[PDB]
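Inspection log for the structure reproduced underneath, given as structure tokens.
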Amino acid sequence: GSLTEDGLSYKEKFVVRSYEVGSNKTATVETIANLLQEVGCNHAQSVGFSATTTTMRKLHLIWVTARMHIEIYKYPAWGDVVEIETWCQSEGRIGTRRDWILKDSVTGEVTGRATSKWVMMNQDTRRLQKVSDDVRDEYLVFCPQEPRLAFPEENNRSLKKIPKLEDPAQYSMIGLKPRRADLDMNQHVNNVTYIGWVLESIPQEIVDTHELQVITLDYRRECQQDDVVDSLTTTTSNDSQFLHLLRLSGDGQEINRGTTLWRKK
Amino acid sequence: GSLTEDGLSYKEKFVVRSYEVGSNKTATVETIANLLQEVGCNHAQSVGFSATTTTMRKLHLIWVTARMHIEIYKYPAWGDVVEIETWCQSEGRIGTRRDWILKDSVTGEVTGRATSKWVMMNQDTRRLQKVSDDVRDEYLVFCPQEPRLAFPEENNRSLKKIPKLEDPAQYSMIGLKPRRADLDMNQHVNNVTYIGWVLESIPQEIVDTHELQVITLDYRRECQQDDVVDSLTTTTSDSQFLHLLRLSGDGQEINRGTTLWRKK
Ligand SMILES: Cc1ccc(C(N)=O)cn1
Ligand SMILES: Cc1ccc(C(N)=O)cn1
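These protein sequence lines map, in sequence, to chains A and B. Sequence positions in the first sequence follow PDB author numbering and run 75 to 124, 129 to 315, 332 to 359. Sequence positions in the second sequence follow PDB author numbering and run 75 to 124, 129 to 315, 333 to 359.
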């Protein structure tokens, strides 16, 4: 992987592995989301981070994901090479955004796109906050100054408001718990695990007959290592759309909400 | 990745990823086991396999793992390049063996080693069987003819018999279930998931203060996608543990194993 000529974006190629693919011998959406995370980490390292700025470490502030939105046109096959380009943009005092473009390395065609919203939080109190001027000035030298959007379109799916699923859910998967492989290097549940948990409540017949085209997920609260989660899904719809909700098994505290759009194979 | 000069082994380099490491910023043993499977799959593809031979596909026969044994001296750090060499050997009528050597790409030193025993099974009836002369003759042209062992040492840990853990277990993790990410391309639970399940019943304090040095796991029966597993562990001692995975309901054994840990 490497920063592009202008130093304002980063590219990396990945060869899809045997254990990374599903029944169609193409990369799962969780494999894609892990690759997105990996290229994001390599971009941060290349521009001098370790993605907390100098002022952030002083104030015990970190970036956390508020939303992930992914659209896939073609999932890369086992053994194929996929190239991913990523860049960040400041969104004033709201937070930051990281975007990605996925391309087939041989054909050069765009096979997917993704966008994510990140908010600043105090590491210890978990209190969200706006971006201060000092922090915004420190990371703007690593971002394109003019807007550069993976999802330019006027009323595009990436910014749509997601409602809260009402009981009773049409489908459910109960008692989901993370194991050590679901944790990151800081012992927090990896953001991709929540995508897998959301998808668990989609019936296997939909997965066997449809291709996942779009997934939008809001992150509200984290699942701790000793927590237990319930995954709830209700059909809202040639295409099938679902509304999703992850909540703690006990008290029913919301941890995530999302939507998925599937196309008939 | 590529076959070596003689065409009897395969090598591949991997750069350790951010999500592949644990709290020490080094690759987990599940990441290592996934890399071992990946280089094994790339070796099979390079020598013409689908690792089922032409005869195997005709009588609906497949290879299945009976045992996995891994010894790690140093786990590669996040961003490091690790080189893995793999090869297969026939073990007469019993089955086949796949071995691996892990090396740091910069220093060239051996950082780990692994060995696995594979048995032939009918894919439909699930009945185990010996290797016929016909199948054995078809894959011997892809193996070194003289023995080449990752674990040469006489009476070494890789061939030790594992006893069955007796109730009550000292530690347990109950109600473990696979999710879609735990399945392979054929909708079977990935062999590496069982390693993660075994390790789940080791207390977090042992993991925080020790380094996993050796893991030996026997595979007896598969966990189906709708099955639920209990992971049981008892200290037998460095720290050594005896492990057992069984189905939550009837208590049917799916795996047994041992782990050896060194104080950090
Ligand atoms: C592409 C794809 C479809 C379904 C799932 C799942 N976990 O159900 C993951 N990836
Ligand atoms: C190297 C290492 C230690 C512990 C575990 C685990 N899952 O407990 C995995 N990998």
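No residue lacks a Cβ here, since even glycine has one placed at the ideal position from N, Cα and C.
Original post:
Just the residues with CB closer than 6 Å to a heavy atom of ligand 1, in chain order, which are they?
Top reply: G96/A, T102/A, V103/A, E104/A, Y153/A, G274/A, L277/A, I280/A, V285/A, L290/A, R258/B
**OP:** In angstroms with no decimal places, state the Cα-to-Cα distance between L77/B and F123/B.
**Re:** 14 Å
Original post:
Are the beta-carbon atoms of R171/B and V219/B separated by less than 8 Å?
Top reply: Not a contact, by the Cβ cut-off of 8 Å.
Subject >> Expected contact under 8 Å - CB spacing of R351/A and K242/A to nearest Å >> reply: 6 Å
Original post:
Looking only at DSSP bridge pairs, what is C166/A linked to?
Top reply: In the DSSP assignment, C166/A is bridged to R176/A.
Subject >> Whether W156/B touches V95/B by CB criterion (8 Å) >> reply: yes
**OP:** Indicate whether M251/B and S194/B have their beta-carbon atoms separated by less than 8 Å.
**Re:** no
Subject >> Three-state secondary structure (DSSP) of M134/A >> reply: helix
Subject >> Cβ distance (whole Å) where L82/B is taken to contact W165/B below 8 Å >> reply: 6 Å
Original post:
How is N233/A classed by DSSP in three states: helix, strand or coil?
Top reply: Reduced to three states, the DSSP call for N233/A is coil.
Subject >> Cα-Cα separation between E163/B and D80/B, rounded to whole angstroms >> reply: 13 Å
Original post:
Could you give the distance in angstroms between the alpha-carbon of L342/A and the alpha-carbon of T294/A?
Top reply: 20 Å
Subject >> Neighbourhood of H288/A by C-beta, 8 Å cutoff - its chain only, sequence neighbours within 5 removed >> reply: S334, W356, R357, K358, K359
Original post:
Name the DSSP bridge partner or partners of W156/B?
Top reply: In DSSP, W156/B forms no bridge with anything.
Subject >> Whole-Å CB distance - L277/A paired with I150/A, under 8 Å assumed >> reply: Not quite, the Cβ-Cβ distance comes to about 13 Å (not below 8 Å), so this is no contact.
Subject >> Simplified DSSP state of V270/B, which is helix, strand or coil >> reply: helix
Original post:
Using 8 Å as the limit for Cβ to Cβ distance, is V159/A near chain B?
Top reply: no
Subject >> Selection of the segment 267–280 of chain B by Cβ proximity to chain A, strictly under 8 Å >> reply: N268, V270, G274, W275, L277, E278
Subject >> Any C-beta of chain B under 8 Å from that of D262/A >> reply: yes
**OP:** Name the two residues that bound the continuous beta strand (DSSP E) containing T193/A.
**Re:** Its beta strand (DSSP E) spans residues 188–200.
Subject >> Span of the alpha helix (DSSP H), counted from its first residue to its last, around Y217/A >> reply: 211–217
Subject >> Cross-chain neighbours of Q111/B in chain A, by beta carbon under 8 Å >> reply: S92, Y93
Subject >> For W196/A, the nearest candidate out of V188/A, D296/A, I280/A, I179/A (CA to CA) >> reply: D296/A
Original post:
chain B beta carbons: is any one of them nearer than 8 Å to that of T102/A?
Top reply: Answer yes: the Cβ-Cβ gap between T102/A and chain B drops below 8 Å somewhere.
Subject >> Stretch-stretch touch, CB-based, cutoff 8 Å, three pairs: the segment 97–107 of chain B with the segment 302–311 of chain A >> reply: Contact fails: fewer than three Cβ-Cβ distances are below 8 Å.
Original post:
From the beta carbon of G253/A, is the nearest beta carbon of chain B less than 8 Å away?
Top reply: yes
Original post:
CB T189/B to CB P154/B, shorter than 8 Å?
Top reply: yes
Original post:
Could you give the distance in angstroms between the alpha-carbon of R235/A and the alpha-carbon of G344/A?
Top reply: Near 32 Å, if we compare the C-alpha coordinates of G344/A and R235/A.
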